[PDB]
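Given next, in structure tokens, is a single chain: the form deposited in one PDB entry.
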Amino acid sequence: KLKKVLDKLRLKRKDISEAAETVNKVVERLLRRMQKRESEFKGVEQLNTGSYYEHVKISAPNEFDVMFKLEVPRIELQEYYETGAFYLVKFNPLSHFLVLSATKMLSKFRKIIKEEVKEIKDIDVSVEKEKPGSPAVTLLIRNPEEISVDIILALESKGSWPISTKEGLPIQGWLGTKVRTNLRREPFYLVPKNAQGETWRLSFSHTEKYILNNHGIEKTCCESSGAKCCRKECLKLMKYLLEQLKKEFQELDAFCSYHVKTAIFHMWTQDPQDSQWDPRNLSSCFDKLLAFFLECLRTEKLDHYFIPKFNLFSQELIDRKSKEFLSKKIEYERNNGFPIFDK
């Protein structure tokens, strides 16, 4: 049943092969351009992020997320109000972008990508119209199949993480205190998402990647000499329910996969043992994930896993009407064996 949905959602080895080679062709060429041209983004290094690289992509290999991280010689951050996740960057190449303005830096970035994309004759690839706010430059590829690639510009800072994350990332009873201390020794990132035009947002896409691939309390969880768990299959099922519901109801435009990602990070923290995620219990795991997500909706409360004061379900960001709509549609599919999965 739920197994059979997971069979349907599984990407195909050939589809992975074909899509990956076209995306890699494009992304390498853009990344060359930022380097072997004396631009403000020389030094930018590639970091792959998102569900395709976390092995939780469903249905088709048709969406890829790539960070072009750029190391910045220190530091000065100022928190935008007390939102937790938005910051003004203050303090050379980047002199053309002044306070370091996200909009002006993104526009140059965007302008380089668009130029280099006009110079692609090998692949059918366009630049999607800019979505205000959003930190991404989105490529639309078409080797028959439609594939979209998000090129995310990011700042890399090696200093300690901002104070708003001090109580974040609570993996101590799950992944433990050494894993946490080491993760927090990694750099943190800032992306040019706005709010207004000078604000950057914290990104922890590199930390979420590690956690998805290091998700057990036992070191052998999901390894060739360990037990398989069903944590990723539960994420996929929950991502699938929201994709089907969003595709049908335009009332759900304000929800996104990151809401599902954040909720299941919390669930994993509350149920740390690998046995609470035994494959033979895929049903009650998916069901307890649903119950948790409904508790989040009912209480209009879903805190950023790394930034606890930042409520992703705050009234300011999603209306109570949108949440009660989602809770009714979800409770429905739940109590009727998920008809939506058969579409």
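Residue numbers run from 1 along the displayed sequence. We call the rigid core whatever largest set of C-alpha positions still superposes within 1.5 Å between the two forms.
Heads up, the form deposited in another entry isn't pictured, but that's what we're talking about next.
With the rigid core aligned between this form and the one not shown, the listed residues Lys247, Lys158, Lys114, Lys166 include just one Cα displaced by at least 2 Å, namely that of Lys114. When the rigid core is held fixed, the Cα atom of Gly226 travels less than 2 angstroms between this form and the one not shown. Here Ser59 counts as shifted, since its C-alpha moves by at least 2 Å between this form and the one not shown after the core is aligned.
Core-superposed comparison between this form and the one not shown: the CA of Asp319 stays below a 2 Å shift.
Compared with the form shown here, the Cα atoms of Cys230 and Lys57 sit 3 Å or more farther apart in the other entry. Put simply, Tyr240 and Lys12 come closer in the other entry: their C-alpha atoms are 3 Å or more nearer than in the form shown.
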